[PDB]
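Structure file data.cif (mmCIF, C-alpha atoms) follows.
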```cif
data_data
loop_
_atom_site.label_atom_id
_atom_site.label_comp_id
_atom_site.auth_asym_id
_atom_site.auth_seq_id
_atom_site.Cartn_x
_atom_site.Cartn_y
_atom_site.Cartn_z
CA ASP R 1 -10.68 -2.04 4.28
CA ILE R 2 -11.64 -3.17 0.67
CA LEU R 3 -14.65 -1.49 -0.98
CA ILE R 4 -16.15 -3.79 -3.70
CA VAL R 5 -18.32 -2.16 -6.45
CA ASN R 6 -21.07 -4.52 -7.74
CA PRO R 7 -22.02 -2.57 -10.91
CA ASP R 8 -25.53 -2.27 -12.52
CA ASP R 9 -23.77 -1.43 -15.84
CA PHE R 10 -20.38 -0.20 -17.18
CA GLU R 11 -21.39 3.53 -16.94
CA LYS R 12 -22.91 3.37 -13.39
CA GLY R 13 -20.04 1.12 -12.09
CA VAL R 14 -17.40 3.63 -13.33
CA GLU R 15 -19.38 6.50 -11.68
CA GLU R 16 -19.23 4.66 -8.27
CA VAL R 17 -15.45 3.87 -8.68
CA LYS R 18 -14.75 7.57 -9.60
CA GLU R 19 -16.77 8.76 -6.51
CA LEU R 20 -14.77 6.38 -4.19
CA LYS R 21 -11.49 7.64 -5.80
CA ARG R 22 -12.79 11.25 -5.16
CA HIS R 23 -13.69 10.32 -1.51
CA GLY R 24 -10.05 9.10 -1.05
CA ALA R 25 -10.99 5.38 -0.78
CA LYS R 26 -7.85 3.35 0.00
CA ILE R 27 -8.56 -0.05 -1.77
CA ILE R 28 -11.34 -0.19 -4.45
CA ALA R 29 -12.44 -3.46 -6.14
CA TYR R 30 -14.78 -4.07 -9.12
CA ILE R 31 -16.71 -7.27 -10.12
CA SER R 32 -17.27 -8.19 -13.80
CA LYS R 33 -17.36 -11.34 -16.00
CA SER R 34 -15.16 -9.46 -18.61
CA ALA R 35 -11.39 -8.58 -18.71
CA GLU R 36 -12.22 -5.73 -21.18
CA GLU R 37 -14.68 -4.13 -18.65
CA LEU R 38 -12.22 -4.64 -15.72
CA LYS R 39 -9.51 -2.70 -17.67
CA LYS R 40 -11.86 0.39 -17.72
CA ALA R 41 -12.41 -0.09 -13.92
CA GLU R 42 -8.60 -0.11 -13.21
CA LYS R 43 -8.40 3.26 -15.13
CA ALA R 44 -11.16 4.86 -12.94
CA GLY R 45 -9.20 3.87 -9.74
CA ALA R 46 -9.97 0.16 -8.94
CA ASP R 47 -6.93 -1.58 -7.26
CA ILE R 48 -8.50 -5.11 -7.33
CA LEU R 49 -10.08 -6.63 -10.49
CA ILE R 50 -12.57 -9.41 -9.59
CA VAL R 51 -13.50 -11.93 -12.35
CA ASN R 52 -17.03 -13.33 -11.76
CA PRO R 53 -17.18 -15.93 -14.57
CA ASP R 54 -20.20 -17.31 -16.57
CA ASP R 55 -18.39 -20.74 -16.66
CA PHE R 56 -14.87 -21.91 -15.58
CA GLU R 57 -13.42 -22.26 -19.17
CA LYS R 58 -14.48 -18.63 -19.95
CA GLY R 59 -13.38 -17.38 -16.46
CA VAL R 60 -9.73 -18.64 -16.78
CA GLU R 61 -9.32 -16.86 -20.21
CA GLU R 62 -10.36 -13.50 -18.58
CA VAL R 63 -7.66 -14.09 -15.85
CA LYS R 64 -4.94 -14.84 -18.53
CA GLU R 65 -6.06 -11.66 -20.45
CA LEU R 66 -5.72 -9.54 -17.24
CA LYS R 67 -2.34 -11.28 -16.53
CA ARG R 68 -1.08 -10.29 -20.05
CA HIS R 69 -2.49 -6.73 -19.48
CA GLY R 70 -0.38 -6.48 -16.26
CA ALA R 71 -3.31 -6.00 -13.80
CA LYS R 72 -1.96 -5.15 -10.27
CA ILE R 73 -4.26 -7.54 -8.30
CA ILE R 74 -6.65 -10.13 -9.90
CA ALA R 75 -9.36 -11.96 -7.87
CA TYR R 76 -11.63 -14.89 -9.00
CA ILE R 77 -15.09 -15.83 -7.53
CA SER R 78 -16.10 -19.55 -7.43
CA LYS R 79 -18.19 -22.08 -5.39
CA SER R 80 -15.42 -24.72 -5.93
CA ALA R 81 -11.88 -25.07 -4.43
CA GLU R 82 -10.87 -27.04 -7.60
CA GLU R 83 -11.78 -24.10 -9.98
CA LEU R 84 -9.95 -21.61 -7.65
CA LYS R 85 -6.73 -23.77 -7.66
CA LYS R 86 -6.71 -23.47 -11.53
CA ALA R 87 -7.72 -19.74 -11.32
CA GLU R 88 -4.55 -19.23 -9.13
CA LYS R 89 -2.43 -21.01 -11.84
CA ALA R 90 -3.46 -18.40 -14.53
CA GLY R 91 -2.39 -15.72 -11.96
CA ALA R 92 -5.40 -14.92 -9.67
CA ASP R 93 -3.84 -13.29 -6.53
CA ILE R 94 -7.09 -13.64 -4.42
CA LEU R 95 -9.27 -16.84 -4.43
CA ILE R 96 -12.90 -15.95 -3.38
CA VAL R 97 -15.25 -18.70 -2.09
CA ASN R 98 -18.90 -17.79 -2.89
CA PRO R 99 -20.68 -20.84 -1.41
CA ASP R 100 -24.20 -22.31 -2.04
CA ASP R 101 -24.17 -23.70 1.57
CA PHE R 102 -22.29 -22.56 4.77
CA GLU R 103 -21.20 -26.16 5.67
CA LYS R 104 -19.91 -26.67 2.05
CA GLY R 105 -18.27 -23.18 1.93
CA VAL R 106 -16.12 -23.84 5.07
CA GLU R 107 -14.93 -27.20 3.54
CA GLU R 108 -13.94 -25.32 0.32
CA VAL R 109 -11.89 -22.95 2.62
CA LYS R 110 -10.21 -25.92 4.47
CA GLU R 111 -9.38 -27.57 1.06
CA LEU R 112 -7.71 -24.32 -0.27
CA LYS R 113 -5.86 -23.97 3.12
CA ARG R 114 -4.45 -27.57 2.70
CA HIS R 115 -3.32 -26.78 -0.94
CA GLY R 116 -1.59 -23.58 0.42
CA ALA R 117 -3.59 -21.12 -1.79
CA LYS R 118 -2.02 -17.58 -1.95
CA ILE R 119 -4.91 -15.42 -0.53
CA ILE R 120 -8.33 -16.91 0.47
CA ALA R 121 -11.52 -14.80 0.71
CA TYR R 122 -15.07 -15.79 1.80
CA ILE R 123 -18.38 -14.01 0.95
CA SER R 124 -21.28 -14.12 3.49
CA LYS R 125 -24.15 -11.89 4.80
CA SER R 126 -23.22 -13.07 8.38
CA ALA R 127 -20.33 -11.89 10.66
CA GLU R 128 -20.82 -15.26 12.54
CA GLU R 129 -20.29 -17.33 9.33
CA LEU R 130 -17.26 -15.14 8.42
CA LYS R 131 -15.71 -15.74 11.93
CA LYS R 132 -15.86 -19.54 11.18
CA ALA R 133 -14.49 -19.05 7.57
CA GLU R 134 -11.57 -17.09 9.19
CA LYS R 135 -10.93 -19.95 11.69
CA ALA R 136 -10.77 -22.38 8.68
CA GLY R 137 -8.14 -20.12 6.98
CA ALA R 138 -9.90 -17.24 5.08
CA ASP R 139 -7.67 -14.05 5.13
CA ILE R 140 -10.31 -11.68 3.61
CA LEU R 141 -13.85 -11.57 5.10
CA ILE R 142 -16.31 -10.17 2.53
CA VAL R 143 -19.67 -8.83 3.89
CA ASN R 144 -22.41 -9.23 1.22
CA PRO R 145 -25.53 -7.87 3.00
CA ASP R 146 -29.32 -8.28 2.42
CA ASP R 147 -29.67 -4.56 3.51
CA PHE R 148 -27.40 -1.53 4.35
CA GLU R 149 -28.04 -0.84 8.11
CA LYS R 150 -27.63 -4.67 8.71
CA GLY R 151 -24.49 -4.89 6.50
CA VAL R 152 -22.67 -2.08 8.42
CA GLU R 153 -23.31 -3.73 11.87
CA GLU R 154 -21.74 -7.02 10.52
CA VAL R 155 -18.62 -4.95 9.58
CA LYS R 156 -18.51 -3.37 13.13
CA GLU R 157 -18.75 -6.93 14.62
CA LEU R 158 -15.87 -8.24 12.38
CA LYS R 159 -13.82 -5.13 13.47
CA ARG R 160 -14.46 -5.90 17.22
CA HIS R 161 -13.58 -9.62 16.53
CA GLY R 162 -10.24 -8.57 14.92
CA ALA R 163 -10.27 -9.49 11.20
CA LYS R 164 -7.06 -9.35 9.08
CA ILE R 165 -8.97 -7.72 6.15
CA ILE R 166 -12.71 -6.80 5.91
CA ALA R 167 -14.34 -6.18 2.46
CA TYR R 168 -17.94 -5.01 1.65
CA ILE R 169 -19.94 -5.47 -1.63
CA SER R 170 -22.35 -2.65 -2.67
CA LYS R 171 -23.82 -1.07 -5.85
CA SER R 172 -23.51 2.31 -4.07
CA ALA R 173 -20.38 4.42 -3.25
CA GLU R 174 -22.56 6.06 -0.48
CA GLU R 175 -22.98 2.61 1.23
CA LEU R 176 -19.25 1.75 0.71
CA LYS R 177 -18.17 5.10 2.34
CA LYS R 178 -20.07 4.16 5.58
CA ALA R 179 -18.67 0.53 5.46
CA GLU R 180 -15.11 2.05 5.30
CA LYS R 181 -16.08 4.29 8.31
CA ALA R 182 -17.17 1.03 10.10
CA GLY R 183 -13.81 -0.74 9.34
#
```
Let me see the structure of the file written as C-alpha cells.
Amino acid sequence: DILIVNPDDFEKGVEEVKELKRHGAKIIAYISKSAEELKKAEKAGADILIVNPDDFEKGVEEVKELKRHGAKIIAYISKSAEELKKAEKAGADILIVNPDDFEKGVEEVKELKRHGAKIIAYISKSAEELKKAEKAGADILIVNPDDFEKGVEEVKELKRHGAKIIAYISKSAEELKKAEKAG
C-alpha cells in the first residue's frame, strides 16, 4: 500500500520517486534526516515525508520546518515511545517504531497505544513480528527486508493475515513495484 524510498543520495532518491510516480504508484514515501531534502521529494511525487533524525533535538526541528512548509503527511522514525510522543507534538502524523529488540519494540507500541498516539507504525524484516506489533496496536506494518524475494513473501503473508496498511522499504523502484503487486 505505501512504497518507501530509502535513498542512496538526493539524485538517485528523486529518480526512484519519479519512476514510482510514472508507474502510477498510489502512496510514495521518502526517508531523510533533512526537511530541505524532503521538500524536493514531495515535489517529485512523495505523499509521506519520513524524518529519520541524527538525534532527537535535531529531528524535532526538521518536523517543525516541514509543519511550517505545509507538508501533507509527516512521519518520524525512533526507537523510543517518549521521542515519538514529542515528535507528534511538533506535528508528526505517523509515529514509526524502529526497535533494537523485538521484545522492546512491542512495549514501545503498547506505550504509544496507551498514550493514544495518532498513527503507529512498526518496522521489521518478519511478517510474524509485524503480526504481534499489529496485535499491540500498530496500524502500519512496514516490511524492511534482508533480501527482495524474501521481502515480497512477507508482504504476501501480511496480505493473507489482513493488515490495515502494509508498507515496504527499498532503494529500488523496481522492488517497490513488485511489493505493491504483492499488497
Would you translate the PyMOL selection byres ((chain R and resi 157) around 12) into the concrete set of residues it matches in this file, as a PDB file with C-alpha atoms, in the frame of the given file?
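Listing of out.pdb after writing:
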```
ATOM      1  CA  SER R 126     -23.220 -13.070   8.380  1.00  0.00           C
ATOM      2  CA  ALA R 127     -20.330 -11.890  10.660  1.00  0.00           C
ATOM      3  CA  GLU R 128     -20.820 -15.260  12.540  1.00  0.00           C
ATOM      4  CA  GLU R 129     -20.290 -17.330   9.330  1.00  0.00           C
ATOM      5  CA  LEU R 130     -17.260 -15.140   8.420  1.00  0.00           C
ATOM      6  CA  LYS R 131     -15.710 -15.740  11.930  1.00  0.00           C
ATOM      7  CA  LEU R 141     -13.850 -11.570   5.100  1.00  0.00           C
ATOM      8  CA  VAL R 143     -19.670  -8.830   3.890  1.00  0.00           C
ATOM      9  CA  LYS R 150     -27.630  -4.670   8.710  1.00  0.00           C
ATOM     10  CA  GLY R 151     -24.490  -4.890   6.500  1.00  0.00           C
ATOM     11  CA  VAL R 152     -22.670  -2.080   8.420  1.00  0.00           C
ATOM     12  CA  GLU R 153     -23.310  -3.730  11.870  1.00  0.00           C
ATOM     13  CA  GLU R 154     -21.740  -7.020  10.520  1.00  0.00           C
ATOM     14  CA  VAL R 155     -18.620  -4.950   9.580  1.00  0.00           C
ATOM     15  CA  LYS R 156     -18.510  -3.370  13.130  1.00  0.00           C
ATOM     16  CA  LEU R 158     -15.870  -8.240  12.380  1.00  0.00           C
ATOM     17  CA  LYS R 159     -13.820  -5.130  13.470  1.00  0.00           C
ATOM     18  CA  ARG R 160     -14.460  -5.900  17.220  1.00  0.00           C
ATOM     19  CA  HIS R 161     -13.580  -9.620  16.530  1.00  0.00           C
ATOM     20  CA  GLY R 162     -10.240  -8.570  14.920  1.00  0.00           C
ATOM     21  CA  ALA R 163     -10.270  -9.490  11.200  1.00  0.00           C
ATOM     22  CA  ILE R 166     -12.710  -6.800   5.910  1.00  0.00           C
ATOM     23  CA  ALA R 179     -18.670   0.530   5.460  1.00  0.00           C
ATOM     24  CA  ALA R 182     -17.170   1.030  10.100  1.00  0.00           C
ATOM     25  CA  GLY R 183     -13.810  -0.740   9.340  1.00  0.00           C
TER      26      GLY R 183
END
```
With the file shown as input, list the residues that the PyMOL selection byres ((chain R and resi 21) around 12) selects, as a list in words.
residues 3, 5, 14, 15, 16, 17, 18, 19, 20, 22, 23, 24, 25, 26, 27, 28, 29, 41, 42, 43, 44, 45, 46, 47, 173, 176 and 177 of chain R
Excluding residue R:66 and any residue of its chain fewer than 3 positions from it, enumerate the residues within 9 Å of it, using only C-alpha atoms, and give them as number ranges by chain.
R: 35-36, 38-39, 49, 61-63, 69-71, 74, 91
Mind pulling up the distance from atom CA of residue R:72 to atom CA of residue R:58?
20.8 Å
Evaluate the PyMOL selection byres ((chain R and resi 111) around 10) on the structure here and hand back the selected residues as a ChimeraX atom specification.
/R:80-82,85,105-110,112-117,136-137
Atomic distance atom CA of residue R:6 - atom CA of residue R:175, expressed in Å with one decimal
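Spanning atom CA of residue R:6 to atom CA of residue R:175 is a straight-line distance of 11.6 Å.
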Using all atoms listed in the file, determine which residues lie at most 6 Å from residue R:167, disregarding the query and same-chain residues fewer than 4 positions distant; provide the list as a PyMOL selection string.
chain R and resi 1-3+142
Can you measure atom CA of residue R:103 to atom CA of residue R:135 for me? One decimal in Å is fine.
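Result for atom CA of residue R:103 versus atom CA of residue R:135: 13.4 Å, one decimal.
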Smallest atom-to-atom distance to residue R:89: which of R:147, R:67, R:77, R:102, using all atoms listed in the file?
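Using all atoms listed in the file, residue R:89 sits closest to R:67.
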Quick one: axis-aligned box around all listed atoms of stretch 61-80 of chain R, 4 Å on every side, centre and edge lengths in Å to one decimal, written as AutoDock Vina command-line options.
```
--center_x -9.3 --center_y -14.9 --center_z -12.9 --size_x 25.8 --size_y 27.6 --size_z 23.1
```
Given only C-alpha atoms as the basis, pick out the residue of R:148, R:100, R:93, R:171 nearest to residue R:8.
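When distances to residue R:8 are compared using only C-alpha atoms, the smallest one comes from R:171.
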Please supply stretch 9-22 of chain R, rebuilt with N, CA, C and O atoms, as a PDB file, in the coordinates of the input.
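Result went into rebuild_12.pdb, see below:
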```pdb
ATOM      1  N   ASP R   9     -24.317  -1.418 -14.456  1.00  0.00           N
ATOM      2  CA  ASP R   9     -23.770  -1.430 -15.840  1.00  0.00           C
ATOM      3  C   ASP R   9     -22.398  -0.770 -15.813  1.00  0.00           C
ATOM      4  O   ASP R   9     -22.045  -0.178 -14.790  1.00  0.00           O
ATOM      5  N   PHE R  10     -21.674  -0.879 -16.925  1.00  0.00           N
ATOM      6  CA  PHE R  10     -20.380  -0.200 -17.180  1.00  0.00           C
ATOM      7  C   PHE R  10     -20.424   1.232 -16.641  1.00  0.00           C
ATOM      8  O   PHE R  10     -19.626   1.558 -15.744  1.00  0.00           O
ATOM      9  N   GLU R  11     -21.340   2.053 -17.169  1.00  0.00           N
ATOM     10  CA  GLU R  11     -21.390   3.530 -16.940  1.00  0.00           C
ATOM     11  C   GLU R  11     -21.577   3.813 -15.445  1.00  0.00           C
ATOM     12  O   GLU R  11     -20.792   4.596 -14.872  1.00  0.00           O
ATOM     13  N   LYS R  12     -22.578   3.183 -14.831  1.00  0.00           N
ATOM     14  CA  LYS R  12     -22.910   3.370 -13.390  1.00  0.00           C
ATOM     15  C   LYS R  12     -21.766   2.844 -12.511  1.00  0.00           C
ATOM     16  O   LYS R  12     -21.433   3.539 -11.528  1.00  0.00           O
ATOM     17  N   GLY R  13     -21.190   1.680 -12.831  1.00  0.00           N
ATOM     18  CA  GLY R  13     -20.040   1.120 -12.090  1.00  0.00           C
ATOM     19  C   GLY R  13     -18.890   2.117 -12.015  1.00  0.00           C
ATOM     20  O   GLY R  13     -18.385   2.407 -10.908  1.00  0.00           O
ATOM     21  N   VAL R  14     -18.502   2.635 -13.174  1.00  0.00           N
ATOM     22  CA  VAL R  14     -17.400   3.630 -13.330  1.00  0.00           C
ATOM     23  C   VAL R  14     -17.724   4.876 -12.503  1.00  0.00           C
ATOM     24  O   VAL R  14     -16.793   5.416 -11.878  1.00  0.00           O
ATOM     25  N   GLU R  15     -18.992   5.300 -12.464  1.00  0.00           N
ATOM     26  CA  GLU R  15     -19.380   6.500 -11.680  1.00  0.00           C
ATOM     27  C   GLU R  15     -19.150   6.214 -10.194  1.00  0.00           C
ATOM     28  O   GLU R  15     -18.618   7.112  -9.516  1.00  0.00           O
ATOM     29  N   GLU R  16     -19.470   5.012  -9.703  1.00  0.00           N
ATOM     30  CA  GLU R  16     -19.230   4.660  -8.270  1.00  0.00           C
ATOM     31  C   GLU R  16     -17.718   4.624  -7.983  1.00  0.00           C
ATOM     32  O   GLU R  16     -17.288   5.197  -6.948  1.00  0.00           O
ATOM     33  N   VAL R  17     -16.930   3.979  -8.850  1.00  0.00           N
ATOM     34  CA  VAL R  17     -15.450   3.870  -8.680  1.00  0.00           C
ATOM     35  C   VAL R  17     -14.869   5.290  -8.588  1.00  0.00           C
ATOM     36  O   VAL R  17     -14.122   5.571  -7.609  1.00  0.00           O
ATOM     37  N   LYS R  18     -15.217   6.161  -9.546  1.00  0.00           N
ATOM     38  CA  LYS R  18     -14.750   7.570  -9.600  1.00  0.00           C
ATOM     39  C   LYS R  18     -15.100   8.283  -8.286  1.00  0.00           C
ATOM     40  O   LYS R  18     -14.237   9.009  -7.779  1.00  0.00           O
ATOM     41  N   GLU R  19     -16.316   8.098  -7.763  1.00  0.00           N
ATOM     42  CA  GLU R  19     -16.770   8.760  -6.510  1.00  0.00           C
ATOM     43  C   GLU R  19     -15.966   8.248  -5.311  1.00  0.00           C
ATOM     44  O   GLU R  19     -15.698   9.069  -4.411  1.00  0.00           O
ATOM     45  N   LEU R  20     -15.616   6.957  -5.278  1.00  0.00           N
ATOM     46  CA  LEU R  20     -14.770   6.380  -4.190  1.00  0.00           C
ATOM     47  C   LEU R  20     -13.336   6.927  -4.310  1.00  0.00           C
ATOM     48  O   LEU R  20     -12.730   7.297  -3.273  1.00  0.00           O
ATOM     49  N   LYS R  21     -12.815   7.008  -5.530  1.00  0.00           N
ATOM     50  CA  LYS R  21     -11.490   7.640  -5.800  1.00  0.00           C
ATOM     51  C   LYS R  21     -11.507   9.087  -5.288  1.00  0.00           C
ATOM     52  O   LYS R  21     -10.533   9.495  -4.635  1.00  0.00           O
ATOM     53  N   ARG R  22     -12.583   9.831  -5.578  1.00  0.00           N
ATOM     54  CA  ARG R  22     -12.790  11.250  -5.160  1.00  0.00           C
ATOM     55  C   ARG R  22     -12.811  11.330  -3.626  1.00  0.00           C
ATOM     56  O   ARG R  22     -12.168  12.231  -3.055  1.00  0.00           O
TER      57      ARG R  22
END
```
